[PDB]
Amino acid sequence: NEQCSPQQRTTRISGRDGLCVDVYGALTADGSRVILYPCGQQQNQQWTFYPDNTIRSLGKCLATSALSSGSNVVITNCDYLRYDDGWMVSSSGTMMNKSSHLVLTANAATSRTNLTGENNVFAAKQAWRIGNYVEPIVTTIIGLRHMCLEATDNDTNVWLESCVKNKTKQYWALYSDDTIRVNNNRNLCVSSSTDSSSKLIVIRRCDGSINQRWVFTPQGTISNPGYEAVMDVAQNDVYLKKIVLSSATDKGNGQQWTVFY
(Lines of atoms letter the chains of each structure in order from A and count residues from 1; the text may use other names and numbers.)
(Lines give C-alpha, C1' and ligand atoms only; values in the text may rest on other atoms or scores of the structure.)
Protein backbone atom coordinates (compact mmCIF):
# COMPACT_ATOMS: atom_id res chain seq x y z
CA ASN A 1 0.00 0.00 0.00
CA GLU A 2 1.60 3.26 -1.22
CA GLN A 3 -0.97 5.30 0.82
CA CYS A 4 0.84 4.21 4.02
CA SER A 5 3.78 6.38 2.81
CA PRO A 6 2.21 9.67 1.64
CA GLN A 7 4.98 11.89 0.23
CA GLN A 8 3.43 15.23 1.33
CA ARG A 9 0.35 17.00 2.78
CA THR A 10 -0.42 20.75 2.59
CA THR A 11 -2.38 21.95 5.66
CA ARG A 12 -2.70 24.96 8.01
CA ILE A 13 -1.44 25.40 11.59
CA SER A 14 -3.61 27.27 14.12
CA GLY A 15 -2.82 28.04 17.76
CA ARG A 16 -3.28 30.72 20.44
CA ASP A 17 -6.79 32.28 20.24
CA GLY A 18 -7.46 30.34 17.00
CA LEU A 19 -4.96 32.39 14.95
CA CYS A 20 -2.79 30.78 12.26
CA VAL A 21 0.97 30.35 11.78
CA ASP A 22 1.82 32.92 9.11
CA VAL A 23 5.04 33.93 7.31
CA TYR A 24 5.08 37.72 7.91
CA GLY A 25 4.37 39.49 4.60
CA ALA A 26 4.82 36.26 2.56
CA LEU A 27 8.55 37.11 2.32
CA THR A 28 10.77 34.75 0.29
CA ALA A 29 14.22 35.45 1.76
CA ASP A 30 16.13 33.46 4.40
CA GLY A 31 15.28 34.39 7.99
CA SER A 32 11.82 35.70 6.97
CA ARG A 33 9.83 35.91 10.20
CA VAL A 34 6.84 33.74 11.21
CA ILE A 35 3.91 35.28 13.11
CA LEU A 36 0.51 34.77 14.72
CA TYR A 37 -2.08 36.09 12.21
CA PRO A 38 -5.88 35.79 11.58
CA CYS A 39 -6.55 32.60 9.60
CA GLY A 40 -7.14 32.75 5.84
CA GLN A 41 -6.64 31.08 2.47
CA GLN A 42 -3.34 32.84 1.56
CA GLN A 43 -0.26 30.90 0.36
CA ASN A 44 1.96 31.96 3.29
CA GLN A 45 -0.34 30.16 5.79
CA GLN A 46 -0.22 26.91 3.74
CA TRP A 47 2.20 24.43 5.38
CA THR A 48 3.39 21.28 3.58
CA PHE A 49 4.65 18.41 5.79
CA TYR A 50 7.17 15.87 4.47
CA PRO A 51 8.75 12.50 5.48
CA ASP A 52 12.10 14.29 6.16
CA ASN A 53 10.50 16.11 9.17
CA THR A 54 10.37 19.54 7.47
CA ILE A 55 7.38 21.92 7.48
CA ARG A 56 7.32 24.17 4.41
CA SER A 57 5.66 27.35 3.10
CA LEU A 58 6.66 29.29 -0.05
CA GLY A 59 9.02 26.38 -0.87
CA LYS A 60 11.15 26.97 2.24
CA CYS A 61 11.45 25.29 5.64
CA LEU A 62 10.23 26.43 9.04
CA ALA A 63 13.10 26.61 11.49
CA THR A 64 14.16 27.96 14.89
CA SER A 65 16.61 30.91 14.70
CA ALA A 66 19.03 30.19 17.58
CA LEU A 67 20.22 27.33 19.79
CA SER A 68 19.15 28.98 23.08
CA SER A 69 15.61 30.09 23.99
CA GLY A 70 14.01 33.44 23.11
CA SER A 71 14.72 33.94 19.39
CA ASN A 72 12.20 33.99 16.53
CA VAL A 73 11.03 31.20 14.25
CA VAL A 74 11.75 31.75 10.55
CA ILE A 75 11.52 30.18 7.10
CA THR A 76 14.84 29.47 5.40
CA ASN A 77 16.19 27.58 2.43
CA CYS A 78 15.62 23.87 2.89
CA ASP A 79 19.04 22.84 1.62
CA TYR A 80 20.31 24.50 4.81
CA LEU A 81 18.30 21.82 6.71
CA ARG A 82 18.71 18.57 4.68
CA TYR A 83 21.04 16.98 7.27
CA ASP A 84 18.98 18.14 10.26
CA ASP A 85 16.43 15.88 11.98
CA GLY A 86 13.84 18.69 12.00
CA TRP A 87 10.58 18.97 13.94
CA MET A 88 8.75 16.37 16.02
CA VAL A 89 5.12 17.19 16.84
CA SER A 90 4.07 15.50 20.08
CA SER A 91 0.71 13.82 20.74
CA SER A 92 -0.58 17.02 22.47
CA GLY A 93 0.33 19.45 19.64
CA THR A 94 3.73 20.54 20.98
CA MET A 95 5.91 21.28 17.94
CA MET A 96 9.52 20.71 19.02
CA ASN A 97 12.96 21.09 17.42
CA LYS A 98 14.58 17.61 17.70
CA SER A 99 18.22 18.49 18.50
CA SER A 100 17.49 21.68 20.50
CA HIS A 101 14.23 20.63 22.24
CA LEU A 102 12.88 24.21 21.77
CA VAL A 103 9.15 24.46 21.01
CA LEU A 104 6.95 26.74 18.88
CA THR A 105 5.45 29.41 21.13
CA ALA A 106 3.31 32.57 21.03
CA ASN A 107 4.27 34.89 23.93
CA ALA A 108 1.28 37.17 23.15
CA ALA A 109 -2.17 36.72 21.57
CA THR A 110 -1.96 39.85 19.34
CA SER A 111 -2.09 39.79 15.53
CA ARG A 112 1.48 39.80 14.11
CA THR A 113 3.01 38.57 17.38
CA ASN A 114 6.39 36.99 16.61
CA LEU A 115 6.40 33.20 17.02
CA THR A 116 9.42 32.05 19.00
CA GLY A 117 11.49 29.05 20.15
CA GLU A 118 11.26 28.71 23.96
CA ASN A 119 11.70 26.09 26.70
CA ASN A 120 8.68 23.76 26.76
CA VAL A 121 6.44 24.11 29.83
CA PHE A 122 3.24 22.75 28.14
CA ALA A 123 1.51 26.16 28.22
CA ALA A 124 -1.57 26.86 26.05
CA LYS A 125 0.61 29.38 24.15
CA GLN A 126 2.82 26.38 23.16
CA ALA A 127 -0.10 24.19 21.97
CA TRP A 128 -0.98 23.97 18.26
CA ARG A 129 -3.55 22.31 16.01
CA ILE A 130 -2.05 21.13 12.74
CA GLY A 131 -5.07 21.13 10.44
CA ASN A 132 -6.97 22.97 7.71
CA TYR A 133 -10.08 23.28 9.89
CA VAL A 134 -8.98 26.05 12.28
CA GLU A 135 -12.37 26.86 13.86
CA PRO A 136 -13.13 26.09 17.52
CA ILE A 137 -14.97 22.76 17.88
CA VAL A 138 -18.29 23.38 19.67
CA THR A 139 -19.28 20.49 21.94
CA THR A 140 -20.69 19.29 25.22
CA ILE A 141 -18.36 17.50 27.67
CA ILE A 142 -20.06 14.49 29.30
CA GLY A 143 -18.50 12.93 32.42
CA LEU A 144 -19.50 11.08 35.61
CA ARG A 145 -23.10 9.80 35.85
CA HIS A 146 -23.56 10.84 32.20
CA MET A 147 -23.76 14.53 33.21
CA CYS A 148 -22.48 17.65 31.41
CA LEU A 149 -19.86 20.22 32.47
CA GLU A 150 -21.73 23.51 32.88
CA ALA A 151 -20.29 27.02 33.25
CA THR A 152 -21.69 28.38 36.53
CA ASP A 153 -21.73 31.48 38.76
CA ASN A 154 -21.47 33.96 35.87
CA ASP A 155 -18.74 31.90 34.14
CA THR A 156 -16.42 31.71 37.19
CA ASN A 157 -16.95 28.04 38.25
CA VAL A 158 -17.49 24.75 36.44
CA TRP A 159 -19.26 21.59 37.64
CA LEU A 160 -21.41 18.68 36.45
CA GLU A 161 -25.13 19.16 35.74
CA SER A 162 -27.84 17.07 34.05
CA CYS A 163 -27.35 17.45 30.29
CA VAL A 164 -30.01 19.58 28.59
CA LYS A 165 -30.01 19.81 24.78
CA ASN A 166 -29.11 23.36 23.60
CA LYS A 167 -28.61 24.74 27.17
CA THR A 168 -26.13 27.57 26.52
CA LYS A 169 -23.75 27.15 29.48
CA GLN A 170 -23.16 23.40 28.87
CA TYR A 171 -21.56 24.11 25.44
CA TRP A 172 -17.79 24.60 25.17
CA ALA A 173 -15.46 25.73 22.38
CA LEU A 174 -12.29 23.66 21.95
CA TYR A 175 -9.59 25.95 20.51
CA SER A 176 -6.46 25.13 18.49
CA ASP A 177 -4.37 26.07 21.57
CA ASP A 178 -5.88 23.15 23.60
CA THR A 179 -8.02 25.59 25.66
CA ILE A 180 -11.56 24.71 26.72
CA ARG A 181 -13.61 27.92 26.55
CA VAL A 182 -17.14 29.03 27.41
CA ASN A 183 -19.01 28.99 24.09
CA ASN A 184 -21.16 32.00 25.05
CA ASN A 185 -18.05 34.01 26.01
CA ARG A 186 -14.86 32.90 24.25
CA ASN A 187 -12.63 35.27 26.28
CA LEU A 188 -13.03 32.81 29.19
CA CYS A 189 -11.10 29.53 29.54
CA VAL A 190 -11.47 26.52 31.85
CA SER A 191 -8.46 26.63 34.18
CA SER A 192 -6.67 24.66 36.86
CA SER A 193 -6.32 26.52 40.16
CA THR A 194 -3.95 29.49 40.41
CA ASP A 195 -4.22 29.24 44.21
CA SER A 196 -1.78 26.64 45.57
CA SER A 197 -4.14 25.64 48.42
CA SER A 198 -7.06 24.65 46.14
CA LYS A 199 -7.21 21.95 43.45
CA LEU A 200 -10.57 23.33 42.21
CA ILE A 201 -10.93 23.81 38.44
CA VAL A 202 -12.42 27.17 37.49
CA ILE A 203 -13.28 29.45 34.58
CA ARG A 204 -10.94 32.44 34.19
CA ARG A 205 -9.91 34.99 31.55
CA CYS A 206 -7.79 33.26 28.88
CA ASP A 207 -4.03 33.95 29.26
CA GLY A 208 -2.11 31.15 27.44
CA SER A 209 -0.91 29.68 30.76
CA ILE A 210 -0.13 26.08 31.74
CA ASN A 211 -3.34 26.10 33.82
CA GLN A 212 -5.52 26.49 30.71
CA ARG A 213 -3.90 23.84 28.44
CA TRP A 214 -6.06 20.66 28.22
CA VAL A 215 -5.42 17.50 26.17
CA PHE A 216 -8.26 15.02 25.43
CA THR A 217 -6.38 11.73 25.55
CA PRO A 218 -7.46 8.53 23.70
CA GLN A 219 -7.80 6.88 27.14
CA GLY A 220 -10.74 9.21 27.97
CA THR A 221 -9.01 11.65 30.34
CA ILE A 222 -8.70 15.44 29.99
CA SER A 223 -5.02 15.99 30.81
CA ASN A 224 -3.04 19.04 31.86
CA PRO A 225 0.33 17.77 30.57
CA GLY A 226 2.27 20.61 32.29
CA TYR A 227 1.09 19.68 35.80
CA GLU A 228 1.04 15.91 34.93
CA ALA A 229 -2.58 15.52 36.11
CA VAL A 230 -6.14 15.11 34.82
CA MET A 231 -9.65 16.49 35.36
CA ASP A 232 -11.44 14.59 38.12
CA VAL A 233 -14.75 14.86 39.99
CA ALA A 234 -14.22 15.65 43.69
CA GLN A 235 -14.60 12.29 45.55
CA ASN A 236 -16.45 10.79 42.54
CA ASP A 237 -19.54 12.72 43.77
CA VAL A 238 -21.19 15.04 41.25
CA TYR A 239 -23.42 16.66 43.91
CA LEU A 240 -20.32 18.16 45.57
CA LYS A 241 -20.22 20.42 42.47
CA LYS A 242 -16.43 20.47 42.27
CA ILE A 243 -14.12 19.38 39.47
CA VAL A 244 -10.47 19.08 40.54
CA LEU A 245 -7.01 18.37 39.17
CA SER A 246 -5.64 14.97 40.33
CA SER A 247 -2.86 12.51 39.44
CA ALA A 248 -4.07 9.95 36.88
CA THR A 249 -5.54 6.83 38.51
CA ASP A 250 -7.94 3.98 37.63
CA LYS A 251 -9.74 4.10 41.03
CA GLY A 252 -13.29 5.38 40.30
CA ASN A 253 -14.69 6.75 37.01
CA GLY A 254 -14.38 10.47 37.88
CA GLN A 255 -11.46 10.96 35.47
CA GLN A 256 -13.40 9.60 32.43
CA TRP A 257 -14.91 12.01 29.92
CA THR A 258 -16.63 11.87 26.53
CA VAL A 259 -16.63 14.61 23.88
CA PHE A 260 -20.15 14.80 22.43
CA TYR A 261 -20.11 17.31 19.58
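Only the largest set of C-alpha atoms that superpose within 1.5 Å between the two forms is called the rigid core. Numbering starts at 1 and follows the sequence shown.
- Farther on average from this form in 8 other deposited structures of this protein lies stretch 103-111, the comparison being between 103-111 and 163-171 by RMS Cα distance after core superposition.
- Superposing the other copies on the rigid core and comparing 76-84 to 128-136, farther C-alpha placement in 8 other deposited structures of this protein marks 76-84.
- The PDB entry reports B-factors from which the mean C-alpha value can be compared for 77-85 and 150-158; the larger average falls on 77-85.
- As recorded in the PDB entry, 2-10 is the stretch of 2-10 and 252-260 with the greater mean C-alpha temperature factor.
- The residue among 107, 176, 132, 97 whose C-alpha atom has the highest B-factor in the PDB entry is 97.
- Of the candidates 211, 217, 196, 68, it is 68 whose Cα B-factor is highest according to the PDB record.
- Per-chain ranking of the deposited C-alpha B factor places residue 142 in the middle third.
- Among the modelled residues of its chain, residue 191 has a C-alpha B-factor that falls in the lowest third according to the deposited record.
- When all modelled residues of the chain are sorted by CA temperature factor, residue 52 is found within the lowest third.
- In this PDB entry, residue 233 carries a Cα temperature factor that places it within the lowest third of its chain's modelled residues.
- Per the deposited record, the Cα B-factor of residue 200 falls in the lowest third when ranked against the other modelled residues of its chain.
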